[PDB]
Amino acid sequence: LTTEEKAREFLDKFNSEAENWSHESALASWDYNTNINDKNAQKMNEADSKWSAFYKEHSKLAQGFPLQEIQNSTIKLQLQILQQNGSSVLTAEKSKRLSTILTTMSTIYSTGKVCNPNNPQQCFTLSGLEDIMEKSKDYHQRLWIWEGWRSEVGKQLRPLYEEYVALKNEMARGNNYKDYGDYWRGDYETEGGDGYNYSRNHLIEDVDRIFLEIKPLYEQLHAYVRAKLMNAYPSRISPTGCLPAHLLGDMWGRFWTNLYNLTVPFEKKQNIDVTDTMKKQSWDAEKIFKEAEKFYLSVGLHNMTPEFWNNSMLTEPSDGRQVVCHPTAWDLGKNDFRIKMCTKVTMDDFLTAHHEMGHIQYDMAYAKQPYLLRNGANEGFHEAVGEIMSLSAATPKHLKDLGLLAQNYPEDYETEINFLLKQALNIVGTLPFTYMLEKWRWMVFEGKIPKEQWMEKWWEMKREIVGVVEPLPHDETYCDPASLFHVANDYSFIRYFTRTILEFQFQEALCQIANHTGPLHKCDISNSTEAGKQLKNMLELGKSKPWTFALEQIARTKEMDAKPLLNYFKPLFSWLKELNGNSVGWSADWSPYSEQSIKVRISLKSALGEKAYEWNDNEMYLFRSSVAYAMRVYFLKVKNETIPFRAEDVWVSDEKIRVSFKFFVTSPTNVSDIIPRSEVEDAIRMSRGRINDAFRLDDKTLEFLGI
Amino acid sequence: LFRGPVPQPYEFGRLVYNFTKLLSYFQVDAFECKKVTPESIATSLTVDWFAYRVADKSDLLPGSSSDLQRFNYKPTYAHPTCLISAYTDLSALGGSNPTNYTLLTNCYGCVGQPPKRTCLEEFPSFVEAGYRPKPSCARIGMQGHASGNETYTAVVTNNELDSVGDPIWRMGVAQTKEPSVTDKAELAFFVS
Ligand SMILES: *[C@@H]1O[C@H](CO)[C@@H](O[C@@H]2O[C@H](CO)[C@@H](O[C@@H]3O[C@H](CO)[C@@H](O)[C@H](O)[C@@H]3O)[C@H](O)[C@H]2NC(C)=O)[C@H](O)[C@H]1NC(C)=O
Ligand SMILES: *[C@@H]1O[C@H](CO)[C@@H](O[C@@H]2O[C@H](CO)[C@@H](O[C@@H]3O[C@H](CO)[C@@H](O)[C@H](O)[C@@H]3O)[C@H](O)[C@H]2NC(C)=O)[C@H](O)[C@H]1NC(C)=O
Ligand SMILES: *[C@@H]1O[C@H](CO[C@@H]2O[C@@H](C)[C@@H](O)[C@@H](O)[C@@H]2O)[C@@H](O[C@@H]2O[C@H](CO)[C@@H](O)[C@H](O)[C@H]2NC(C)=O)[C@H](O)[C@H]1NC(C)=O
Ligand SMILES: *[C@@H]1O[C@H](CO[C@@H]2O[C@@H](C)[C@@H](O)[C@@H](O)[C@@H]2O)[C@@H](O[C@@H]2O[C@H](CO)[C@@H](O)[C@H](O)[C@H]2NC(C)=O)[C@H](O)[C@H]1NC(C)=O
Ligand SMILES: *[C@@H]1O[C@H](CO)[C@@H](O[C@@H]2O[C@H](CO)[C@@H](O)[C@H](O)[C@H]2NC(C)=O)[C@H](O)[C@H]1NC(C)=O
Ligand SMILES: *[C@@H]1O[C@H](CO)[C@@H](O[C@@H]2O[C@H](CO)[C@@H](O)[C@H](O)[C@H]2NC(C)=O)[C@H](O)[C@H]1NC(C)=O
Ligand SMILES: *[C@@H]1O[C@H](CO)[C@@H](O[C@@H]2O[C@H](CO)[C@@H](O)[C@H](O)[C@H]2NC(C)=O)[C@H](O)[C@H]1NC(C)=O
Ligand SMILES: *[C@@H]1O[C@H](CO)[C@@H](O)[C@H](O)[C@H]1NC(C)=O
Ligand SMILES: *[C@@H]1O[C@H](CO)[C@@H](O)[C@H](O)[C@H]1NC(C)=O
Ligand SMILES: *[C@@H]1O[C@H](CO)[C@@H](O)[C@H](O)[C@H]1NC(C)=O
Ligand SMILES: *[C@@H]1O[C@H](CO)[C@@H](O)[C@H](O)[C@H]1NC(C)=O
Ligand SMILES: [Zn+2]
């Protein structure tokens, strides 16, 4: 036999056994998740151990089949999957150390607390802090939570992230990658003839191209939100500047969904909600899933198996069992499909049921593929397929046909604007976030951004790309990106960017086939078997073909295209454009603390000559201490107040290599309270003589601009 | 069918026999049927009709993407139907001939009330098959016809209120065209 023939036999045997072992693991995991106890946890761990031992043995064996001698692309692809080394390229000490670091970062994140600075006995966990950030409209409360999280947790992760980056890059190099960023970008890499090849470097060019196409829409949404927040927080937001990071609706500014109550276009009109009708008509969990099944059948896709309806958990157990309700779709192997969900009779769970069943439909479609190829074409394909099914099901058109919405229910254009705006806050307002975050991490792994400039570049990029400005200047003891779940837990993020773009390409292509006329957001592909067939042809491919091929099969293109997204939100764009006028855009010069900051310029050479010293970190510390002193003296003598100002209450920003920087002072017990510039300038003059002596400087070599 | 002014596409007439006898008043330029043959028509009866141009008969046909069937009038073909496009001098029959022909070329919704009313071309108002155009779209065609303007653009409301009691505004465009046949009324009929 030849190498290819031997590889053929190897894979056939592997795939057969892999299915058997994978099934046993899946069953044990299921039993645990639907019945949480110690006995099931033990069975789960044992089943996973057996799977891992199996996979590793065959991974090593796969190394005996050189890819250079394989001409069959199906075989070559499966071998490439098995032959990956990963962490095993590291020595035992480095492999163990990396594992330890990853565990540590995860633990710090999940157990972090922030304590109210004016109430030491009131401490919240991340879940509590998130709950507050999603609802609070209090400028001060939001600020100490935002800053607290970054200081309490971010400063613990900083040193771990630095070691993490070094270790992950060494691993990537051991696997013949340039760096860990290059490693991650390999998830979009494909090879083949025609234009079906996609290099890792091309991913960077495509996300930059797409971002620029989206940007004009984001700027209109940004300007609109800014105008509304200026009313919610008077005198806090500048009409031509960036938005304060802590006022964006959540802990990180990832979604703008929670701003809807402040930004809603037409407040006298409500969105469609059929929850009350579902209850009135006596709907239950079973009926909801049965209706989802009918939807998929109307377009020529499968029914759920007899087993599905028996094995699945569609409602929360009433028998005492503890479960995790978070909705998931399962493929256990051997034609065993299940959904685990705690369904309520609501519109939200109605749409969720369609989403989860969409995942099952995809899993069934490629069940005929070899075990290793039973996946989506890319990491974003499964989610894109699920989302388009939810969009269709949620239309007024569909709801009327179901009897959940009055047949004579009138159309209202203001309601449609409210709908599109709410969608934009979740879909559009997040794209610059995902783009900016990955761009930063890629540059950090590559080495374009040195450790000394990690936070400097983070916030520079935030202002230029997203249009968000920090409430307070942060130095390099901070690690703001690590305060996010996905960064701390070593997950890739770009998948969210690509998922969104694909989602709209699929929706538009299917609506054209279904001969939909009018606005895209009102499209419903129900009863279209032509649209169904076009989709099925893509779904059944699994990952046996290049994703560019899979995309062409549905959207008739080999490239990602932002136009479908821009078309979806076209009516919103036009409305916003007319309303915003020429107020669209932002500068990156303004910040919440810039108006009352004082610029200091020092010349040590002209002061001391040969006796001149270096303005190092220790000199900066002394300066801040000297300012705090001046502030204590001023307040005690002028206001008759005793205020314990410390060096830590003196904030320093915009520091250059030359001795030039700006500073401002806050109250010891209040971070939203910035001491007026006039009070600070008065304090400096009063103690100017002592500040001078401290550094051996005169009034020409130590200049306070404005004095 | 031969009395008064001839109805326009946006205000078509609706009225609910010797088929040959009727087809002796008009000179037929084109004729077509769907789900039926004219022999069967001769061997309820509903007649829908409006002023149109014979020069533009291609737009009356099934599969057309013209403005007529988007904003003015569209058949359902649920029942056996025949299309007739023909012309005659109606004055001698007790009616009157039109001096020009008017149709809606666009109509779309508007959000908000004055002075903050914003009209969006992205929210088109299409006529449903078997139905008349909205009162606010029909208003535009009427004013356009009588304006003496080849292209007439307006924003109107016509006793249409929303869920909170506010006026519903619509914007659209009407187009007026000259007759193609000298001293004759050009008509389109949909008979089902
Ligand atoms: C997909 O296509 C099917 C088949 O045409 C649609 O089902 C149909 O739904 C309509 C109402 O939406 C049914 O007509 C009406 O049914 C009610 C009873 O619920 C009755 O009281 C009315 O007098 C009238 O007959 C129609 O009979 C029914 N056709 C069937 C079941 O064969 C379905 O609604 C379409 N779904 C979508 C999203 O378009
Ligand atoms: C198409 O034919 C119609 C007739 O069916 C023409 O309508 C006529 O248009 C003139 C303006 O060109 C109207 O005269 C104006 O009436 C108003 C209101 O009384 C008055 O304020 C003006 O000073 C002027 O006299 C005329 O009344 C109107 N006829 C009818 C019956 O309303 C229409 O102009 C023709 N369209 C085109 C493009 O030729
Ligand atoms: C993957 O790494 C192996 C070497 O690592 C050993 O085998 C792994 C499967 C794992 O068990 C490690 O802990 C082991 O230390 C590579 O095999 C070597 O390849 C070179 C050519 O570059 C060859 O000269 C050596 O003789 C090979 N050594 C052995 C034992 O086969 C393998 O090529 C790597 N595969 C990839 C895709 O990088
Ligand atoms: C989707 O529509 C096409 C084309 O229909 C025409 O153009 C449309 C935009 C619209 O204006 C229609 O009213 C027009 O009639 C359909 O393609 C036709 O299919 C029939 C078979 O049923 C065939 O005899 C025709 O020759 C086709 N016409 C062309 C130009 O190819 C298509 O079938 C429609 N899709 C569905 C699911 O109905
Ligand atoms: C946005 O406004 C809605 C009300 O329109 C808020 O929803 C209400 O929240 C309270 C408190 O939890 C509930 O008691 C009400 O029953 C809810 N009403 C509805 C219709 O859901 C919503 O919480 C607000 N969101 C934010 C971020 O403020
Ligand atoms: C698919 O492979 C071809 C090579 O056959 C790539 O084409 C090269 O692209 C680079 C970068 O633009 C150019 O500098 C080369 O000159 C091109 N070579 C040829 C022969 O055209 C192509 O870019 C790859 N496609 C993708 C998406 O990566
Ligand atoms: C910290 O300082 C801020 C000022 O930045 C205080 O803010 C005030 O809050 C009250 C509400 O109780 C408002 O009436 C004032 O107008 C706010 N001042 C300003 C300038 O906006 C805040 O109360 C302080 N927090 C404390 C002392 O806990
Ligand atoms: C690749 O091998 C599979 C069997 O594993 C076979 O079905 C397929 O036709 C082969 N394709 C080519 C191009 O040889
Ligand atoms: C859906 O289920 C019904 C009832 O068992 C069955 O008759 C029908 O053929 C199924 N649909 C498809 C496409 O097989
Ligand atoms: C559902 O699964 C249980 C457990 O295997 C089995 O005993 C029961 O008979 C099944 N019911 C149906 C309808 O298949
Ligand atoms: C009337 O016609 C003129 C052109 O002569 C045009 O500019 C004007 O807008 C028209 N009036 C309306 C209401 O459209
Ligand atoms: Zn999902």
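Order of the sequence lines sets the chain letters (A, B, ...), proteins ahead of strands, with each chain counted from 1. We count ligands from 1, going down the list as the structure has it; atoms in each ligand are counted the same way.
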Query raised in the report: Does the pair A:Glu213 and A:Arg209 meet the rule for a salt bridge (charged side-chain N to carboxylate O under 4.0 Å, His left out), with working shown?
Result: CA-CA 7 Å; A:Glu213 291 174 348; A:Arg209 176 179 63 77; 3.6 Å; yes
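Close placement of the A:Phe506 and A:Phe381 rings is indicated, their centers lying within 6.0 Å of each other. Taking the six-membered ring for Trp and the full ring otherwise, the centers of A:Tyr198 and A:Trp547 sit less than 6.0 Å from each other. Checked against a 6.0 Å centroid threshold, the rings of A:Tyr496 and A:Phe493 count as neighbours. Ring centers of A:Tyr218 and A:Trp256: under 6.0 Å apart, within the cut-off.
Contact annotation: A:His359 places an N, O or S atom under 2.8 Å from the Zn ion (ligand 12).
In this structure, A:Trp21 and A:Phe54 have tilted ring planes: the angle between them lies in the 30° to 60° band.
Contact annotation for atom 14 (O) of ligand 10: protein present (non-hydrogen atoms, distance under 4.0 Å). Inside a 4.0 Å radius of atom 4 (C) of ligand 10 there is not any protein heavy atom. For atom 7 (O) of ligand 10, the nearest protein heavy atom is 4.0 Å or more away.
The nearest protein atom to atom 10 (C) of ligand 10, hydrogens excluded, is given as A:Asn310 ND2, 2.5 Å; this is a heavy-atom distance.
Under a 4.0 Å criterion applied to the non-hydrogen atoms of A:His202, ligand 6 contributes the atoms 27 (C). Near A:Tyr198, meaning under 4.0 Å from one of its heavy atoms, ligand 6 places the atoms 26 (C), 27 (C), 28 (O).
Selection from A:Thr190, A:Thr548, A:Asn197 by nearest heavy atom to atom 26 (C) of ligand 6 gives A:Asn197.
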